[PDB]
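Fold and contact review
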Amino acid sequence: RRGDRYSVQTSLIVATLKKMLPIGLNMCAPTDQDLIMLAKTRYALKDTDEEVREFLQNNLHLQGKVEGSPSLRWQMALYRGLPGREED
Amino acid sequence: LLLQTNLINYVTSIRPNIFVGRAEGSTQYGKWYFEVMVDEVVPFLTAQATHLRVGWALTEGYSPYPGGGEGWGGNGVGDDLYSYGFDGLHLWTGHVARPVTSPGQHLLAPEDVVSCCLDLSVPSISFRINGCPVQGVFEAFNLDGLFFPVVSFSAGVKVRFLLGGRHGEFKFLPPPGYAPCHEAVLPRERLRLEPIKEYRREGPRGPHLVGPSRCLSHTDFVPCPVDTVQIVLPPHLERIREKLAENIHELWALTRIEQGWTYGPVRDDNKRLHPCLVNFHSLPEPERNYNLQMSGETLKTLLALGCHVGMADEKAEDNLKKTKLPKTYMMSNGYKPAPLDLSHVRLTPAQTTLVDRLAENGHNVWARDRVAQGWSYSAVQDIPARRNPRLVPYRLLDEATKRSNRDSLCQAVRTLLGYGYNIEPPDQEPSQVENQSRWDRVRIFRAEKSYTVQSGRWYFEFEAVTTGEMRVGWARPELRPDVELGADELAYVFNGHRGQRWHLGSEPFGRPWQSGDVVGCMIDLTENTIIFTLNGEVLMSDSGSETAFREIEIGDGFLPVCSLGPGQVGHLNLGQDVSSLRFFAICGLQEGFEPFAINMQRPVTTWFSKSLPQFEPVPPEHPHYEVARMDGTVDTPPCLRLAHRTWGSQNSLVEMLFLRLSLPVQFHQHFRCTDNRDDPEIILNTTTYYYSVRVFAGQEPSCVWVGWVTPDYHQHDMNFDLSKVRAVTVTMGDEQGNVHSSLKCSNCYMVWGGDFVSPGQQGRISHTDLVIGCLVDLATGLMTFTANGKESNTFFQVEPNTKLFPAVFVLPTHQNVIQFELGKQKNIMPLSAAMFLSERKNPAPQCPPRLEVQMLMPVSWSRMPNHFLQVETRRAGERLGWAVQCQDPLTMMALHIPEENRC
Amino acid sequence: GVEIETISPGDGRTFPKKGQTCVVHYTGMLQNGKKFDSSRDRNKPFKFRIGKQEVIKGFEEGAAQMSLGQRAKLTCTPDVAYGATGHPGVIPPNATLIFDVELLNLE
């Protein structure tokens, strides 16, 4: 039909990442989403993997606050509610 | 003029599932007796007096919804005409209390006995307190529907149901002929105590929104078979009239041979040694040829059902043999199988369904015959009293007896099939048992409009406990309570009973669920997407698309909505506690979605579409109906003419229409003891007021009803007539008969216009408009009517303090249908002074803007309380009966509208 | 000039005479059923001294008629009530009164 021959929306390489996304973001703590959002901006600034890693080294303290965002309170209570989450 | 407020307790009603009623050829008995015991009653647990009433109620309009309602809240038994109660000092019906004499009369106190008797043969409800008769008998109440025991109670009461037999002892000898109510219990179910139809019940995980309940009907106790008389018997049937009889002459006898019930030559059937496998020639001739013509009767049932026979293959007579088994061997004239033997033969499902309904038509003829010999149903068998535990229609029979009936005729149809003659299924006609009440089918649930969301990623779960009809999704806050979800643009809903998504039509989507499944609704207003998930699995459309809807405008907002069909139980989990959600972690948590009520201290208040009609004014933009208000001329009074907008056009809405004026009139509190110019003093001292309606030419008076209604009239009938008008008469006398008080109550005081026309051969469409007027006398409570300037034999009389609304009910048949004329007659004051106190001395008719015509929409939105009463219902003992306990008080603030007398 | 009707029997033998204060939890209502007065909303028993006509005479005579601890119902006509004058802004003129009198105790 529209994209039977080929279509970007049906590309399997990106589709597998779409399916695999919940597990990938499962590792990261949502308090670090400030680092996540700033990460795309510095990626768009043409910054490579090593220099964004040392950007994270310089900005290890820039995580979010659970108290000031009540949406994070229940999310973090369920996050440590997961048996596989160790505080270390 | 101003709304009044008060603190009012919560009143709930508990009933046992014992339903009685009468009709032509009824399988039930017409006399029933039951009792109630009072253990503990707290007089004033709170400011309001504790409510406690016992009596009977009717299954077709008694729905005491918790909270506010008609009168002054806390509605129970006696608050309307669908129930009959007795608080201990008064008879309660139509929200009116009438004092009754008792030997030591008092309000129901602890350790007291009430003897409640109901007669269905003649309308009469007698009441006794501790065995002492109370001089009150209900008379002239409709028998339609079903009657049941019911108790209406506020908090702080402990009452016990005594039903007699195994379910009580009554502590007093029941009156003769009154069978205890414990004998009406059906075999398929077990006796229990349940509340009236509810929209919520407690659940182990959480509260369950309870869809409408399927209700049994009196029409379901009359056995209505297909007549098997006007059937000429065919040649191919008389050709096989013999073998199909020979095979059912001792088929019931075959099972018990070589057992304790083993035959003997000295005796015959029914002598505890029944079989007699020899032949039916040895058996008596009348029952013999009776069995032949019963085989013919079954074939006649096959004909009337639509079964016809055709012969194709080898004759079974050749390839069949009789097997002298080692079992069933007898000494009386050789041994043989008791019926005619048969070899390997099978049956298709068409034959299974056909033999099922064949057994149905056997049972319903047997039950019909027994009823015609007077018999009735009783859960305990009483042969001298001529009652049986199996005198119920087949659909209500038990599975054991169903199987036992089906086995014999299954063997019969099997023997027919062996001879190769086809069992032809008839044509299929889809039918619905109940069609009129389309609204008592689904009970929509939606949150408050305050919680409407304009952004964010919202998710909520609806647990589908059953596999029936349930719809869940999102909808705008302006969802009409009497319109199906997805039928209009105001809903984006999913139905997983058939894998269907509803929005302005129908289109396939996903798969249906099963029992216990949890549906998690995803929504992203920012991304303009709506998605549904089932048991942690994302539902798929009939394409690569994985989203239910896309490109949705934000608009005024959306709201989480779920609905339930008949006999449905479903849990709604908005996610106040995130741990309550089961599949949120699986889907939604990692996507940034949030529960709808994740950070909310109190549970979100839900609203349900209440299935209780309430008169409300017509919208000005009604596509079909319109009300015309014209200024009063010098020759004609002001009128409220009703005009059908789309009458005579395509796809017009035609249905029975209920109309009333927005304001009532109240009679005087005490009744008085014992040219063309008005009299100035008579016009000031009169107490009778007149209005009229001008039935225009082209409108048939045979479908016009004109009169009055009390504000509690909440009945919607598509085929309305004066026979369905609710009525009851309270009859009272002294301790030895001598009835000296007979007061009638009704919610509708209305006369049919079809009795006011000239009885000509033809010309029923009168060229001259029929002007029917109604007059009310406040000083006496007297209602009279005028046909065309002449009085008619119809008249009514009521008690003081009653409020009557001017009502005209009509099924439209013209563009111009009716016209409420606010006129007057000589020395008779118009309604303009009756409605308004400030205009009481104004003889000139007037139509102020407040007075406007209202119409009755059956479904309106309502609020359920955030808390509910806690009732403990259990069987305290066989002699103790069933105990009901409720002690925790709950009170609500009710805003009472005075003129409509409802809060 | 009033009509009484017992609702729940109490003592039935003791009568409230002069010398002891009369304590009730009453609930007055209008002729049409519009409740206007009560004591249990205030959550305090109403105490009044029999004899000096500080309360309305219909209530006085009804309380004198009915015995101790016996829940009663009274009915005061406007001839024994405020009547034509009426209570200002509360009771309309010439209104029939109904009372859910509960004489809980004396003194």
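Here's what I pulled together on the structure shown here. (Residues numbered from 1 in each chain as written, not as in the entry; some residues may be left out. Chains lettered and ligands numbered in written order. Part of a larger assembly, values for the part shown. Heavy atoms only, no water. Residues with missing side-chain atoms left out of burial classes, pairs and counts.)

Focus: the overall build of chain B
- For chain B, the helix and strand inventory stands at nine helices and 53 strands.
- The dimensions of chain B, computed from C-alpha atoms along their principal axes, are 110 × 80 × 70 Å. (Helix = DSSP H or I, 4+ residues; strand = E, 2+ residues; numbered from the N terminus.)

What to know about the pattern of salt bridges
- Applying the stated rule across the entire model yields 29 salt bridges over all chains.
- Each of the salt bridges in this network shares a partner with another, and the network as a whole consists of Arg-166, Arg-875 and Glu-878 of chain B. (Salt bridge = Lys/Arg side-chain N within 4 Å of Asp/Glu carboxyl O.)

Looking at helix 4 (residues 285–305) of chain B
Residues and elements named next belong to chain B.
- For helix 4, which comprises 21 residues, the first-to-last C-alpha distance of 30 Å matches the rise-based estimate of 30 Å (1.5 Å per residue) to within 8%.
- Taken together, the buried positions of helix 4 are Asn-291, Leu-292, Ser-295, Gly-296, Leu-299, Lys-300, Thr-301, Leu-302, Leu-303 and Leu-305.
- Of the surrounding secondary structure, the elements contacted by the buried residues of helix 4 are helix 1 (235–238), helix 2 (243–246), helix 3 (251–254), helix 6 (349–372) and helix 7 (399–418).
- Count one or two residues on from helix 4 and you reach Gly-306, which has phi positive near 120 degrees. (Expected span 1.5 Å × (residues − 1). Buried < 20%, exposed > 50% of the residue type's maximum accessible area, 1.4 Å probe, protein only. Contact = heavy atoms within 4.5 Å.)

Examining the interface of chain B and chain A
- Chain B puts ten residues into the contact, and the matching count from chain A is eight residues.
- For the pairing of chain B and chain A, the buried interface totals around 780 Å² over both sides, and the portion due to carbon and sulfur atoms is 65%.
- Across the chain B-chain A interface, the total number found is zero salt bridges.
- Summed over the shared surface of chain B and chain A, the number is zero residue pairs in polar contact.
- Of the residues contributing to the side of chain B that touches chain A, the split by class is six nonpolar, two polar and two charged. (Buried area = accessible area lost by both parts, 1.4 Å probe. Polar contact = N/O pair within 3.5 Å; in protein donor to acceptor, adjacent residues only side chain to side chain. Nonpolar A, V, L, I, M, F, W, Y, C, P; charged D, E, K, R; others polar.)

Some words on empty space enclosed by the protein
Residue and element names in this part refer to chain B.
- Roughly 110 Å³ of volume is contained in the largest cavity.
- If you go around the largest cavity, the residues you meet are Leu-244, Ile-248, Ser-295, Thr-298, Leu-299, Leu-302, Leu-358, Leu-409, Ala-412, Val-413 and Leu-416.
- Counting residues per element, the ones that place at least two in the lining of the largest cavity are helix 4 and helix 7.
- Its residues placed into classes, the lining of the largest cavity shows nine nonpolar, two polar and no charged.
- Here the second largest cavity defines a volume of roughly 80 Å³.
- Lining the second largest cavity are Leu-479, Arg-480, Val-483, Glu-484, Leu-485, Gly-486, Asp-488, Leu-490 and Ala-491.
- Residues that form the lining of the second largest cavity fall into these classes: five nonpolar, one polar and three charged. (1 Å grid on protein atoms, 1.4 Å probe; cavity = no way out; pocket = protein on both sides within 12 Å on 5 of 7 lines; lining within 4 Å. Points joined across faces, edges and corners; volume = space filled by probe spheres on them.)

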